[PDB]
Structures are given as structure tokens and as C-alpha cells.
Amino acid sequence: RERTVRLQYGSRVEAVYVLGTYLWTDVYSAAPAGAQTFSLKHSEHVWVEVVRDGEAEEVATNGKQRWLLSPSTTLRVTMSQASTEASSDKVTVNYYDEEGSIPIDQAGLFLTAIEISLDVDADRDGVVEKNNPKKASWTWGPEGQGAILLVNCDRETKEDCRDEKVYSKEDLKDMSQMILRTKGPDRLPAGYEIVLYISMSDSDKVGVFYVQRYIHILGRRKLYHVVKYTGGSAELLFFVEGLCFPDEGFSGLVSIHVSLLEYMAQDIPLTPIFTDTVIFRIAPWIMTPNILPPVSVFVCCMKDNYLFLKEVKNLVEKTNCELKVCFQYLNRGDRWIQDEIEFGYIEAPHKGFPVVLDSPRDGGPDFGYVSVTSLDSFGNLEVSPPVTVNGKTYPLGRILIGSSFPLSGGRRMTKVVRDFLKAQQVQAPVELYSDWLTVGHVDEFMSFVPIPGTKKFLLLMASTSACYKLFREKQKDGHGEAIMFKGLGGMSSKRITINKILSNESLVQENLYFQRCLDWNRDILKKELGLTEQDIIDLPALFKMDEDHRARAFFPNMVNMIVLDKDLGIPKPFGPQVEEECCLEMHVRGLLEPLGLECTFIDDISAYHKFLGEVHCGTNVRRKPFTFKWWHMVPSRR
């Protein structure tokens, strides 16, 4: 970076020189009228070149050499080390007339060299390197560069980013470090100051603190901060926090600048002499698919649903997971832990923590927080395992959300949430068709499970055709009078049997139609996830149709299951009993067990004595993040 500094006719010029720049110096304007040639002297630590029409020659500290004065003959001035109190850094130019070798005038440049660098960890190893040449840019990929910021959604005691205040030093651990490194003499020369600043636009995206006492110096309603200069080699440590996630209209990128400003006069703005810039990207909110290792199983249910709690506890005891049990709240649905909460995470090189998206129906440390229809529930939000589709890899998987057909006039998840998920970018969301379901959640018809002992996975699909095939076989086998819902006393008077199901003509037509809805989804998943029929297992399911021609479960949907590695908690179907075993249970075992999946059926409905299509319990599994670092992905240009 070349910077212009002119000698003044005939007055001396004093200037700060910032290392990493060099000066081009006009000596011609300061020459008195009539002068012919010029000579120069300079001090030890100042390098000077005479540049005549593009050709440069280094000049000695004390030479007698003379050059013709000319607009195209200039100086180039460089310094490789900062000034100290022992420095006298200068260049002095003498001017000569045609007649005689004694100088007729003199112009000089007194310099104070300083190092100024605003530094961040742009190489993404968690430590702040000195002046990374790439620090002003942000690039994706394994070779990518530039610093990362976490949204500080934490709380120690709204969330931590809600204000401009910092209390716990623990908070600073969530924060990215930014260091202003300087070197120079005891003070800046008269008329200079160093100022950190941000744009008005980024002022709601960031906050910056300086440390027993943490001062908030940039952020909401603070766009600049004058920095105190310390001489010698000094470092000022700053901590930077993100205030919000990428979204519609916010890419995730923010910038912080430091400038050396020169005081000109009263009422004149100060001149930026030198500016250094660092860029941060705020880390996206990321979702964890069923293939990732489980950590904690969160469950909600009424206090007296005893079988559910015993059977969930038993399942979890087969694993290394912890069980967290939560009951119902006045402001939350019976399923709220599944529907109102989604466990994601954020990651930076230095730190990461799980982060919960919380969407209450009505209404900690390193667990972060944050017209409507049923499709806005997080039962309607899933994510696939890592996939490759037509050569394009999605190392974090793809987010799936249920919707309706474009021209249908049907329900759709709110634009605000869809925009949020799309803006995270690294999960490249796909819309499925959930609006044929009364509740409208993708988790009603589909799930993913890992295949034990491999790196592969399966898509599990609800299938009505599988159920009808099975029931027709059992009927052919002489089991037509086999009764469903055994043990649910509130269903007993209905006397529902395989015969009674198979003879219901309108129910058959309804379920053929629902199977078309399932198959439409099957095709989208196969296309957008790069799946073949070998990656899919069909689980028998059955639905009843409402007045809107939407489906609700006839018996509990087995596809919505707790996946803990090889161990699966599967909703107990209460299917027809053949030889004192549920034919639905036996059929599901026959599909899954050969692959090394272990099935545990979990009864969440007995406590209610009947099943009308609604489940009153919910579960959500919190998982370890992907090993793959999000910043190593190269998302498509948006």
C-alpha cells in the first residue's frame, strides 16, 4: 500500500509512518521557484529511493548526489522498524539554483514509525495469529480463511447477547478474541488518535468488550471507541460476541475497523491515515440427525403415565445416555418437548455449545436459547444424515420441512422460520409434503436410522399398503377376528378386528390416497437425498381421514421413534393379536432385527385407555455435533 506524503514549500512536514505501507514523496512542489536540482540526506532506519520516471535507485544516508528537479522525479520512502525514543527518523531535501553548489532552501520530513495491526484467528486454529494477510476476507472450505464468531445465546444466572453488559468472566469464553497489536515510541505525535469502529448496520450484529471490569465499547448505540495508546510493544485484548444468527437480509458477515486519525483543525473531520479491517462470520445454527451419538434423552408426559416412564427408562438403561424427565406445563402442548423445542448446536474453532430453538405454544450455561399453523411445530422439522446427491456433497445432511403443493392454497411453515433455516445455508433445506396430514408434521410419516456396524443409514417410511398386505395375509390365515387395541378399555365397545378394518370400503380408498401422498414424498426424498429403494424400509401404518381430507393415525405411528444408535424405542401399535403377539410388532421386528437394530416397544397410550390419533407424550434426543467442521463446507452461491 503506497501512501502520498508531500514535502511542504518550504515548511517542514511531520508524519506518522505505519509499517506495511510505503510513502511516495513529491519533492518538486516544495522547491522554490527557479531551483534546478536537489540532493537528499536521510537517517539510518529510513530507506530512500529516487524514482525517476518509474526507475528507482536507493540513495545513501549522506550522499552529495544531485538530481534534476522534475514532476516525474519523486522519492519512495520506506521503514522496516517502529520508532523508539532513541529514534530520529528523517529525510531532508536540499534545493540548488543553476549557479552554485550551496543549498538555496531545504525541506524535510520527520517520521515516527509505528506498527498497527488488528488481529483475529483467521486461520481457525483457536489462537490469534499476527496480521493474517487473509483476515479481511472470509472464504469457505478446507483451504478457507477468516475468523468465526458465536451468537452469544447463553445465560449465566434474557440471553447473554440481549444487553451490552458482561458479568461472568465465563461469558468471555463464548467470545472470539481480537487483539490490537501496536509498536512505537512513548506517545503518538501531536494530532493523532487510534479509533476502533463499526458500521451502523453491524451495530445490532455484534458487541465488543475490553477487560475484573469488562467495558462494552462497540455495539448497539456505540459505533466507535477511541483507544488509549501505549508505547513500546503493546497488545489490547478485545472480546467479540455475535448478537444474532444469519437470516433473511443478513449474510452472517460483520466487519470491525481500526483507524489512525489525523486531527486537521476545528470543525474539520479527522483524516483516516491508515485503516485495518477484520471480518467475522457468525456461526450458523446446525441440526443433528438421528445417526449422531445420543447424549441425553429428554421426555415429557403426565406424572402418572407409568408404563411409558418405566419403558423409556428401561430403553435408556441399555445405553450410555442420560434420561431427563419433564412433565406438562400450562403454556405448553403435551408433546412440547418434541414440538416446541429443537436441539441444534453452534461451533467456532475455540468453543461450541448446543443451542435450543424454543417456540412456546403460548409463552442456561453452554445451552443456548433461540399466522402460525400446526406446520410451524418442530415435529415438522427434521434433518437427514450426510448425503451425496449427483456429486454434490452435503456433509451436515439436509433439513426437511413439511409443506403443501405450490398451487394448493394449503398450509406452509411460516416464512420467518423457513427464511431462518435457509439462511443457515449449511443444511440446504428441502420441503416435503406434510399437508395431507391433519397435524401436518413430517415426523408422522418418516424417520432415519443408522445401520449398525456400518457408516450407512435407512430411510423409514410409513406405508398403508404394507399394513393392508399384512392384514389381508392374517385374514387369509384365519385370523380375521383378531382384535386390535387389546387392553385399551375405552376402545373395547368398538370391537375393531382385522375383518372390520378390511371390510370398510371408504377406509380402503382413503388409505390408497394416503399411500399416494407417502409415495410423492418417497420420490422427493430419493431425488433430494440421493437414495435408492435399497435405502428404504416401509413400516405398516394406517390412517383415518377428517373433513379436510387429511390423515390422522388409526393406530400409533411407529415411524416416530427414539433412535439411540442400534436401540430403537418404537411406539407400541396395539395391533391385532395373533398367537398372543401383536402382528404389527412381529412384522416390524422381522424388518429391523436382521439389520442388527434392537426394538423396544414403548406404550404411551395405555394410561389414556384409548387412542383417537393423538399422542400425549414427547421425546427429543440431544446428540453430539458432527465431527465435520461447518466452515469446511463449500455451499452453493446464494
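Each residue number is its position in the shown sequence, starting from 1. Rigid core here is just the name for the largest C-alpha set that superposes within 1.5 Å across the two forms.
S.K.: Which is farther from the shown form in 7 other deposited structures of this protein in C-alpha RMS with the core fitted, 404-412 or 257-265?
M.R.: Comparing 257-265 with 404-412, the larger C-alpha deviation in 7 other deposited structures of this protein belongs to 404-412.
S.K.: Between 266-274 and 232-240, which has its CA atoms farther from the current form in 7 other deposited structures of this protein, using a rigid core superposition?
M.R.: So, of the two stretches, the farther one in 7 other deposited structures of this protein is 266-274.
S.K.: As a check of understanding, is residue 47 unmodelled in at least a third of the other compared entries that model its flanking residues?
M.R.: No: coordinates for residue 47 present in every compared entry.
S.K.: Over the set of other compared entries for this protein, does residue 72 lack coordinates in at least a third of them?
M.R.: Across the compared entries, residue 72 is modelled every time.
S.K.: Please count the deposited residues lying between residue 157 and residue 158 that the model leaves without coordinates, and give the class: none, 1 to 3, 4 to 9, or 10 or more.
M.R.: 4 to 9 residues are missing.
S.K.: Classify the number of deposited-sequence residues missing from the model between residue 211 and residue 212: none, 1 to 3, 4 to 9, or 10 or more.
M.R.: The entry leaves 4 to 9 residues without coordinates here.
S.K.: Which is higher in the entry, the mean Cα B factor of 528-536 or that of 68-76?
M.R.: Stretch with the higher mean C-alpha B-factor: 68-76.
S.K.: Taking the mean of the C-alpha B-factors per stretch from the entry, tell me the winner out of 50-58 and 37-45.
M.R.: Result of the comparison: 50-58.
S.K.: Quiz for you: based on the deposited Cα B-factor, which of 442, 166, 413, 287 is highest?
M.R.: Highest C-alpha B-factor among the listed options: 166.
S.K.: Among 427, 371, 464, 492, which carries the highest Cα B-factor?
M.R.: So the option with the highest C-alpha B-factor is 371.
S.K.: Could you look up the Cα B-factor of residue 325 in the entry and say which third of the chain it sits in: lowest, middle or highest?
M.R.: Ranked within chain, residue 325 CA B lands in the highest tercile.
S.K.: Would the CA B-factor of residue 118 place it in the lowest, middle or highest third of its chain?
M.R.: Middle third - that is where residue 118 ends up once the chain's C-alpha B-factors are sorted.
S.K.: Of the three thirds of its chain by CA temperature factor, lowest, middle or highest, which one includes residue 386?
M.R.: It falls in the middle third of the chain.
S.K.: Sort the modelled residues of this chain by their C-alpha B factor and say whether residue 604 lands in the lowest, middle or highest third.
M.R.: Ranked within chain, residue 604 CA B lands in the highest tercile.
S.K.: Just say lowest, middle or highest third for the CA B-factor of residue 248 relative to the other modelled residues in its chain.
M.R.: It falls in the middle third of the chain.
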